[PDB]
Engineer: 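Take a look at this one; I'll ask things after.
Just the heavy atoms: all of them, side chains too, but no hydrogens, waters or symmetry mates, feed the values below. In what follows, chains are A, B, ... by sequence order, proteins preceding strands, each numbered from 1.
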Amino acid sequence: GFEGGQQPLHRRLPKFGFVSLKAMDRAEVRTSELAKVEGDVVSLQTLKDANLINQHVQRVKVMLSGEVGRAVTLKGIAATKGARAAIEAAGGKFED
Amino acid sequence: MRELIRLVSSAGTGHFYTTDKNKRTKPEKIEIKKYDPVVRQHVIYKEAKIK
Amino acid sequence: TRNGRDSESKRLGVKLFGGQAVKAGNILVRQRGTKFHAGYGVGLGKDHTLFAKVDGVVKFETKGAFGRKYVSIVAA
Amino acid sequence: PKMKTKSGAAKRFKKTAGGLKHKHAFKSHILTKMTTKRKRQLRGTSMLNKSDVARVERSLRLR
RNA sequence: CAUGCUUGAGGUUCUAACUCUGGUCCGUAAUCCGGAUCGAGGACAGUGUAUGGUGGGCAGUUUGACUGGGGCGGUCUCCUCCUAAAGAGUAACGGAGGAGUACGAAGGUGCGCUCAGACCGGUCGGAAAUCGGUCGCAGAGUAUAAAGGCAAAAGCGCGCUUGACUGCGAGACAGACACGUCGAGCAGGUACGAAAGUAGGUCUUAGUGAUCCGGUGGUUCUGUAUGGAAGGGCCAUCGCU
RNA sequence: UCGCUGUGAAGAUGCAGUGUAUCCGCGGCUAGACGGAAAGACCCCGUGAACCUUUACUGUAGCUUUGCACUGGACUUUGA
RNA sequence: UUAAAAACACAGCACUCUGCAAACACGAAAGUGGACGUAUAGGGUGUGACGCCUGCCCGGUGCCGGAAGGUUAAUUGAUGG
RNA sequence: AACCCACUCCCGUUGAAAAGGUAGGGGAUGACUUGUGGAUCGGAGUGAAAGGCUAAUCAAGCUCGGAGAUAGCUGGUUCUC
RNA sequence: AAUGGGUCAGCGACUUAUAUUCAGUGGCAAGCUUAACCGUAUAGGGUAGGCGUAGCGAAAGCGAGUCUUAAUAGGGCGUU
Ligand SMILES: [Mg+2]
Ligand SMILES: [Mg+2]
Ligand SMILES: [Mg+2]
Ligand SMILES: [Mg+2]
Ligand SMILES: [Mg+2]
Ligand SMILES: [Mg+2]
Ligand SMILES: [Mg+2]
Ligand SMILES: [Mg+2]
Ligand SMILES: [Mg+2]
Ligand SMILES: [Mg+2]
Ligand SMILES: [Mg+2]
Ligand SMILES: [Mg+2]
Ligand SMILES: [Mg+2]
Ligand SMILES: [Mg+2]
Ligand SMILES: [Mg+2]
Ligand SMILES: [Mg+2]
Ligand SMILES: [Mg+2]
Ligand SMILES: [Mg+2]
Ligand SMILES: [Mg+2]
Ligand SMILES: [Mg+2]
Ligand SMILES: [Mg+2]
Ligand SMILES: [Mg+2]
Ligand SMILES: [Mg+2]
Ligand SMILES: [Mg+2]
Ligand SMILES: [Mg+2]
Ligand SMILES: [Mg+2]
Ligand SMILES: [Mg+2]
Ligand SMILES: [Mg+2]
Ligand SMILES: [Mg+2]
Ligand SMILES: [Mg+2]
Ligand SMILES: [Mg+2]
Ligand SMILES: [Mg+2]
Ligand SMILES: [Mg+2]
Ligand SMILES: [Mg+2]
Ligand SMILES: [Mg+2]
Ligand SMILES: [Mg+2]
Ligand SMILES: [Mg+2]
Ligand SMILES: [Mg+2]
Ligand SMILES: [Mg+2]
Ligand SMILES: [Mg+2]
Ligand SMILES: [Mg+2]
Ligand SMILES: [Mg+2]
Ligand SMILES: [Mg+2]
Ligand SMILES: [Mg+2]
Ligand SMILES: [Mg+2]
Ligand SMILES: [Mg+2]
Ligand SMILES: [Mg+2]
Ligand SMILES: [Mg+2]
Ligand SMILES: [Mg+2]
Ligand SMILES: [Mg+2]
Ligand SMILES: [Mg+2]
Ligand SMILES: [Mg+2]
Ligand SMILES: [Mg+2]
Ligand SMILES: [Mg+2]
Ligand SMILES: [Mg+2]
Ligand SMILES: [Mg+2]
Ligand SMILES: [Mg+2]
Ligand SMILES: [Mg+2]
Ligand SMILES: [Mg+2]
Ligand SMILES: [Mg+2]
Ligand SMILES: [Mg+2]
Ligand SMILES: [Mg+2]
Ligand SMILES: [Mg+2]
Ligand SMILES: [Mg+2]
Ligand SMILES: [Mg+2]
Ligand SMILES: [Mg+2]
Ligand SMILES: [Mg+2]
Ligand SMILES: [Mg+2]
Ligand SMILES: [Mg+2]
Ligand SMILES: [Mg+2]
Ligand SMILES: [Mg+2]
Ligand SMILES: [Mg+2]
Ligand SMILES: [Mg+2]
Ligand SMILES: [Mg+2]
Ligand SMILES: [Mg+2]
Ligand SMILES: [Mg+2]
Ligand SMILES: [Mg+2]
Ligand SMILES: [Mg+2]
Ligand SMILES: [Mg+2]
Ligand SMILES: [Mg+2]
Ligand SMILES: [Mg+2]
Ligand SMILES: [Mg+2]
Ligand SMILES: [Mg+2]
Ligand SMILES: [Mg+2]
Ligand SMILES: [Mg+2]
Ligand SMILES: [Mg+2]
Ligand SMILES: [Mg+2]
Ligand SMILES: [Mg+2]
Ligand SMILES: [Mg+2]
Ligand SMILES: [Mg+2]
Ligand SMILES: [Mg+2]
Ligand SMILES: [Mg+2]
Ligand SMILES: [Mg+2]
Ligand SMILES: [Mg+2]
Ligand SMILES: [Mg+2]
Ligand SMILES: [Mg+2]
Ligand SMILES: [Mg+2]
Ligand SMILES: [Mg+2]
Ligand SMILES: [Mg+2]
Ligand SMILES: [Mg+2]
Ligand SMILES: [Mg+2]
Ligand SMILES: [Mg+2]
Ligand SMILES: [Mg+2]
Ligand SMILES: [Mg+2]
Ligand SMILES: [Mg+2]
Ligand SMILES: [Mg+2]
Ligand SMILES: [Mg+2]
Ligand SMILES: [Mg+2]
């Protein structure tokens, strides 16, 4: 970072923003990884039975990336509008 | 020397403009119509204190 | 000595010469005052900058009374 | 041992999939004598210059 | 006003805390030290802790660079001209000058109009006031240096007025970076004008200072068990010869 | 391991041209080998060091002021 | 261990501090010196036998005395938000 | 005279000697010289005061540790195409 | 006529640890890889963790989009 004596970049520009502590317990799951849980139920615990999310995650959201293999049931997991369509398109329900 | 002033909107918003003036020469306040971004109308702004 | 002062250079002059192809928004001349005047398809900035408002070719013609120098955009 | 990131460099530059973000200078005070156009175009976030990336990445311990 | 129970300071006194580098007894065979007892002082002195003053007695340090060697003197940022070799740029303790502002109209628009000077004629003025005529055309003017401009005057006067607007922004010029400069067009709301239209300050180029930190006004953000709040973020703005 | 006049990192035994001159000691003298000795002490530089000064800065020992504690009784003046 | 002097000391002179558990100095302190002394004494400072003398200035900076008034610390906590 | 000192010249300077010698010089009953034993020391002591002396070392001794302090400065950096 | 070397022989200066980035060369591959630790001990187990499969925003959040904005307008970043 030294520049010969001139004011360096890491002291010439302003600091900005704050770090979210609410997003540390968060994870996103692709629709391609839904057909990797044990059987026919995608829950917060079942995702940790596979190795899809860490052990300290409470909130999970499913986004559209890829395509859903089989029909699965999501339990207490949020989904985007596009992801919810493909999940229900492939014979999967979305309860609780 | 010219001193800074604020121009506060007559509407209920907290929007304000900023300029300066010569207090010694013209001692009255300024009443000038300006566009208020919050209400999206031209309203009257009144001089206030910069500090 | 009591003289050692000067100011930074301003990089003025012609930026596009006759026959060159231009786009709208291109700066044509940097000026103090108007050595050149705005012809057809050319605008004037508040510091007398000539800029293009259409696509075409620079012309650089002298015309009219007063013997003025004009910059205009013509078809390519 | 582990490489230590510069604390003040990580408060001014943010990593994205497009590069490194930062805010603009000359926007803290003395704002009355400034044009609105000049203050409007110093408002958002820009990416790091091509010649500046190597120095900043070394400070952040990204290389 | 009287008394009552409290309560800040002042003075005097008493003895019982404390002090004695005062006497005589014992430990003891001892000018130390204890205990006893007389004498003196006395809630003072003195010590702990908190706080103001003084304090080179002592301590850790600072005290710029350029520079026809250093020192002394001068300079250090910005604008204009020459050097600068007819694109841009270009050095010297080279030659010459300015800036660290001004203006709520000195800004916008519609309408209208041309100067300086010379001569002749004309009450006190008389070369130079105001008036009439002819010539003159820019030798005037332009807030502020100099250069480049100025008839659709960019110069001058009058009526209305706030575009010295908010969000942007195709595309460029400059450029190590950080900064800088110009701008058609779109969307909101305006102002002048019958209207086409013009207006995102001023004829242009100087009139300036990063980040950190702190203050003020807003806010679909956050807010350490939970609901709040404090604090933080974002937007606007203030504080550096 | 010669002289001179030029040249040349600018004062040459060693380069150019030229002149002199068999090979090797001993006793003497100090003109040169920018002779030996001591990483110049003068001068400048280093975001070097020590020590000294003071109305440089920031502190501090000592000295001193007051609140609280050790620390009590009575009388009187007096404000609340 | 390149300077023996006009440098230091000196007898004499003056100012100032100190009442004794003295001022002062060495000691985190106990204590010790001063002193088994007591203002004709003790410490510090300057000048430097002797003779004749030592003039003017108290504005600055020190030191000494004053206490009316102004400013002023910890502490306390009326009032407001 | 002894004894203590160190004013001048010369010699010596790889010395007889890391401060001497020959020839002259000063004090020599005193603020004298000297033996033995003891006390005070490193921001400390002692100093008739030269910044002198504290084991041939002094504008802050020596020794061992922090310690391979730091050195934008000198020097050096090893086989072949 | 600037520095260093009297000569010989021996010795004498780009290393190691841990975190990383790029290149070459390999193993697996929408997955890859384990650390401490057990261990029949260079095997095998251990997938806690790390990186990748999605980005934008200061964030809440929304997501092949998202931020700015009154604005499915423009623009920044991202997506085959
Ligand atoms: Mg600087
Ligand atoms: Mg896992
Ligand atoms: Mg120039
Ligand atoms: Mg314009
Ligand atoms: Mg950090
Ligand atoms: Mg930092
Ligand atoms: Mg920093
Ligand atoms: Mg920081
Ligand atoms: Mg600013
Ligand atoms: Mg701000
Ligand atoms: Mg005593
Ligand atoms: Mg007391
Ligand atoms: Mg007391
Ligand atoms: Mg005390
Ligand atoms: Mg001192
Ligand atoms: Mg000192
Ligand atoms: Mg000092
Ligand atoms: Mg230091
Ligand atoms: Mg220093
Ligand atoms: Mg300094
Ligand atoms: Mg200098
Ligand atoms: Mg000079
Ligand atoms: Mg020179
Ligand atoms: Mg010279
Ligand atoms: Mg020169
Ligand atoms: Mg010279
Ligand atoms: Mg040129
Ligand atoms: Mg040229
Ligand atoms: Mg130039
Ligand atoms: Mg040059
Ligand atoms: Mg004008
Ligand atoms: Mg002119
Ligand atoms: Mg007008
Ligand atoms: Mg306006
Ligand atoms: Mg426009
Ligand atoms: Mg409009
Ligand atoms: Mg109209
Ligand atoms: Mg700071
Ligand atoms: Mg809470
Ligand atoms: Mg808040
Ligand atoms: Mg702001
Ligand atoms: Mg010769
Ligand atoms: Mg010669
Ligand atoms: Mg010769
Ligand atoms: Mg040769
Ligand atoms: Mg020769
Ligand atoms: Mg040759
Ligand atoms: Mg011989
Ligand atoms: Mg001889
Ligand atoms: Mg000789
Ligand atoms: Mg010589
Ligand atoms: Mg020599
Ligand atoms: Mg050396
Ligand atoms: Mg040297
Ligand atoms: Mg310096
Ligand atoms: Mg330097
Ligand atoms: Mg000193
Ligand atoms: Mg001081
Ligand atoms: Mg003190
Ligand atoms: Mg006390
Ligand atoms: Mg001597
Ligand atoms: Mg003598
Ligand atoms: Mg002598
Ligand atoms: Mg002496
Ligand atoms: Mg004494
Ligand atoms: Mg006396
Ligand atoms: Mg004395
Ligand atoms: Mg004297
Ligand atoms: Mg004397
Ligand atoms: Mg004397
Ligand atoms: Mg005398
Ligand atoms: Mg006085
Ligand atoms: Mg007086
Ligand atoms: Mg007094
Ligand atoms: Mg002697
Ligand atoms: Mg003799
Ligand atoms: Mg003798
Ligand atoms: Mg004697
Ligand atoms: Mg005697
Ligand atoms: Mg005697
Ligand atoms: Mg004697
Ligand atoms: Mg004796
Ligand atoms: Mg002894
Ligand atoms: Mg001892
Ligand atoms: Mg020492
Ligand atoms: Mg000492
Ligand atoms: Mg002395
Ligand atoms: Mg001494
Ligand atoms: Mg001296
Ligand atoms: Mg020794
Ligand atoms: Mg010695
Ligand atoms: Mg020292
Ligand atoms: Mg260390
Ligand atoms: Mg070393
Ligand atoms: Mg060095
Ligand atoms: Mg250097
Ligand atoms: Mg060298
Ligand atoms: Mg060396
Ligand atoms: Mg030679
Ligand atoms: Mg030499
Ligand atoms: Mg040589
Ligand atoms: Mg050299
Ligand atoms: Mg040599
Ligand atoms: Mg070896
Ligand atoms: Mg690779
Ligand atoms: Mg591979
Ligand atoms: Mg977009
Ligand atoms: Mg894109």
Engineer: Would you confirm whether A:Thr31, through its side chain, and A:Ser65, through its main-chain N or O, come within 3.5 Å as a donor-acceptor pair?
Structural biologist: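 Answer holds: yes.
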Engineer: Can you tell me the base-pairing partner of G:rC56? Count Watson-Crick or G-U wobble geometry only, both distances below 3.5 Å, and say none if there is no partner.
Structural biologist: none
Engineer: Now, which nucleotide makes the Watson-Crick or G-U wobble pair with E:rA36, with each of the two distances under 3.5 Å?
Structural biologist: E:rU24
Engineer: Does the ring of E:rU114 sit north or south, if a positive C1'-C2'-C3'-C4' angle means north and a negative one means south?
Structural biologist: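 That sugar belongs to the south family, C2'-endo side.
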Engineer: What's C:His37 touching, base or sugar-phosphate or nothing? Going by heavy atoms closer than 4.0 Å.
Structural biologist: sugar-phosphate
Engineer: Determine whether C:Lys59 and C:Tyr70 make a side-chain contact, defined as any pair of heavy atoms from C-beta on separated by less than 4.5 Å.
Structural biologist: no
Engineer: Suppose you measure atom P in E:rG180 against the same atom in I:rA60; what distance do you get, rounded to whole Å?
Structural biologist: 32 Å
Engineer: Look through every strand shown and name the nucleotide pairing with F:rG72 as Watson-Crick or G-U wobble, where both distances are under 3.5 Å.
Structural biologist: E:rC14
Engineer: Need one value for A:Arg59: base, sugar-phosphate or nothing, where a base atom within 4.0 Å counts as base even if backbone is also close, heavy atoms only.
Structural biologist: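 Here A:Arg59 touches the backbone only, sparing every base.
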Engineer: Near A:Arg11 CZ, under 6.0 Å, is it more than 12 heavy atoms from other residues, nucleotides or ligands?
Structural biologist: no
Engineer: C:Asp47 and C:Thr49: side-chain hydrogen bond (donor to acceptor under 3.5 Å, both in side chains), yes or no, with the steps?
Structural biologist: CA-CA 6 Å; C:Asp47 66 334; C:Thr49 303; 2.7 Å; yes
Engineer: Which dot-bracket string describes RNA chain I (Watson-Crick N1-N3 plus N6-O4 or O6-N4, or G-U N1-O2 and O6-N3, all under 3.5 Å; [ ] crossing; | other strand)?
Structural biologist: ..............................(((...((.....))...)))...((....))..((((.....))))...
Engineer: Under the convention that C1'-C2'-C3'-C4' above zero is north and below zero is south, what is the pucker of F:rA49?
Structural biologist: north
Engineer: OP1 or OP2 of I:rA58 less than 4.0 angstrom from a side-chain nitrogen or oxygen of D:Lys21, does that happen here?
Structural biologist: yes
Engineer: Of all the choices, E:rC179, E:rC165, I:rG57, which nucleotide is nearest to the side chain of D:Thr16 once you look at every atom?
Structural biologist: I:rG57
Engineer: Distance criterion of 3.5 Å, no angle test: do you see the side chain of D:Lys37 paired donor-to-acceptor with the base of E:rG183?
Structural biologist: yes
Engineer: Give one of base, sugar-phosphate or nothing for A:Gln55, where a contact means two heavy atoms less than 4.0 Å apart.
Structural biologist: sugar-phosphate
Engineer: Centres under 5.5 Å and planes under 30° for the six-membered rings of F:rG48 and F:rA49?
Structural biologist: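 Stacking between F:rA49 and F:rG48 is present - centres under 5.5 Å, planes under 30°.
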Engineer: Which listed nucleotide (E:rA96, E:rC182, E:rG188) is nearest to the side chain of C:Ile27?
Structural biologist: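 Of the options given, the side chain of C:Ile27 lies nearest E:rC182.
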Engineer: Of all the nucleotides listed (E:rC213, E:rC93, I:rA60), which has the minimum atom distance to the side chain of C:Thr1?
Structural biologist: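 In terms of side-chain proximity for C:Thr1, the closest of E:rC213, E:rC93, I:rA60 is E:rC93.
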Engineer: Rounding to an integer number of Å, can you tell me how far D:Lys11 NZ sits from E:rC234 P?
Structural biologist: 14 Å
Engineer: Would you say the base of I:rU53 and the side-chain of A:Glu33 have a donor-acceptor pair closer than 3.5 Å?
Structural biologist: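 Per atom types, the contact qualifies.
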Engineer: Pick one for I:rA19: is it syn, with its angle within 90° of 0, or anti?
Structural biologist: anti
Engineer: Watson-Crick or G-U wobble partner for E:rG89, using a 3.5 Å limit on both distances?
Structural biologist: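 Check on E:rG89: unpaired, no WC or wobble geometry under 3.5 Å.
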Engineer: If you define the side chain from C-beta out and look only at heavy atoms, does anything of B:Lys34 sit under 4.5 Å from B:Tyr17?
Structural biologist: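 Yes, at least one pair of side-chain atoms sits under 4.5 Å.
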Engineer: I'd like to know if A:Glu3 reaches the base of E:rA176 with its side chain, counting only an N/O donor and acceptor under 3.5 Å.
Structural biologist: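 No.
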Engineer: Find the partner of E:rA143: check Watson-Crick (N1-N3 plus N6-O4 or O6-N4) and G-U wobble (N1-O2, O6-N3) distances, both under 3.5 Å, and reply none if neither fits.
Structural biologist: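 WC or wobble partner is E:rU101.
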Engineer: Does E:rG209 have OP1 or OP2 under 4.0 Å away from a side-chain N or O of D:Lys33?
Structural biologist: yes
Engineer: Tell me which groove the side chain of A:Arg26 gets into, major or minor, going by base N/O atoms under 5.0 Å.
Structural biologist: major
Engineer: Just to be sure I understand the rule, does C:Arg11 reach a base, reach only the sugar-phosphate, or reach nothing, if contact means heavy atoms closer than 4.0 Å?
Structural biologist: sugar-phosphate
Engineer: Would you indicate what B:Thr19 reaches in the nucleic acid, counting non-hydrogen atoms under 4.0 angstrom: base, sugar-phosphate, or nothing?
Structural biologist: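 Answer is base: heavy atoms of B:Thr19 come under 4.0 Å of a base.
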Engineer: In the strands shown, is G:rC13 matched to any nucleotide by a Watson-Crick or G-U wobble pair with both distances under 3.5 Å, and which?
Structural biologist: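 Answer to the pairing question: G:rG46, which forms a Watson-Crick or G-U pair with G:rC13.
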Engineer: Out of E:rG104, E:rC235, I:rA64, which has the shortest distance to the side chain of A:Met63?
Structural biologist: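 The answer is I:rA64.
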Engineer: Give one of base, sugar-phosphate or nothing for D:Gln41, where a contact means two heavy atoms less than 4.0 Å apart.
Structural biologist: base
Engineer: Which glycosidic conformation, syn or anti, is assigned to E:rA85 if syn requires a torsion within 90° of zero?
Structural biologist: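 In terms of base orientation relative to the sugar, E:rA85 is syn.
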Engineer: Sorted by first residue and then second, give each salt bridge (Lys or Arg N to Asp or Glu O under 4.0 Å) pair with at least one member in residues 68-87 of chain A; sequence neighbours left out.
Structural biologist: A:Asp40-A:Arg70
Engineer: Given E:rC213, is OP1 or OP2 found less than 4.0 Å from the side-chain N or O atoms of A:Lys15?
Structural biologist: yes
Engineer: Give one of base, sugar-phosphate or nothing for B:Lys49, where a contact means two heavy atoms less than 4.0 Å apart.
Structural biologist: nothing
Engineer: Within the pair D:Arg40 and E:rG167, is there a side-chain N or O less than 4.0 Å away from OP1 or OP2?
Structural biologist: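 True: D:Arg40 side-chain N/O within range (under 4.0 Å) of E:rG167 OP1/OP2.
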Engineer: When only distance counts, do a donor and an acceptor, one from the side chain of C:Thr34 and one from the base of E:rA154, lie under 3.5 Å apart?
Structural biologist: yes
Engineer: May I ask you to classify the sugar pucker of F:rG11 as north or south from its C1'-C2'-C3'-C4' sign?
Structural biologist: south
Engineer: Determine whether a donor-acceptor pair (one donor, one acceptor, N or O, separation below 3.5 Å) exists between the side chain of A:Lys61 and the base of I:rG63.
Structural biologist: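 Donor-acceptor pair under 3.5 Å: yes.
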Engineer: Identify, with sequence neighbours excluded, every residue that meets ring-ring contact (aromatic ring centres under 6.0 Å, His included) alongside B:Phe16.
Structural biologist: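 Listed in chain order: nothing, the list is empty.
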Engineer: Going by the rule side chain to side chain donor-acceptor pair (under 3.5 Å), which residues pair with D:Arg40 if we only count those two or more places apart in sequence or in a different chain?
Structural biologist: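 If we apply the side chain to side chain donor-acceptor pair (under 3.5 Å) test to D:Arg40, skipping adjacent residues, there are no hits.
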Engineer: By side chain to side chain donor-acceptor pair (under 3.5 Å), which residues pair with D:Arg55, not counting sequence neighbours?
Structural biologist: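 Partners of D:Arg55 under the side chain to side chain donor-acceptor pair (under 3.5 Å) test: A:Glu3, D:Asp52.
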Engineer: Taking only N and O in the side chain of B:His42, is any of them less than 4.0 Å away from OP1 or OP2 of E:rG163?
Structural biologist: yes
Engineer: E:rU181 base to C:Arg30 side chain: any donor-acceptor pair below 3.5 Å?
Structural biologist: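 Per atom types, the contact qualifies.
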Engineer: Once you round to the nearest 0.5 Å, how far does CZ of D:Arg12 lie from CZ of A:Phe16?
Structural biologist: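 Separation between the atoms: 11.0 Å.
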Engineer: Could you give all pairs that pass the ring-ring contact (aromatic ring centres under 6.0 Å, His included) test and reach residues 39-60 of chain C, with sequence neighbours left out?
Structural biologist: C:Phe36-C:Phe60
Engineer: Tell me what A:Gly66 touches on the nucleic acid: a base, only sugar-phosphate, or nothing, going by heavy atoms under 4.0 Å.
Structural biologist: nothing
Engineer: Taking any heavy-atom pair under 4.0 Å as a contact, classify C:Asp6: base, sugar-phosphate, or nothing.
Structural biologist: base
Engineer: Now, which nucleotide makes the Watson-Crick or G-U wobble pair with E:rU181, with each of the two distances under 3.5 Å?
Structural biologist: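 Base partner found: E:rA172.
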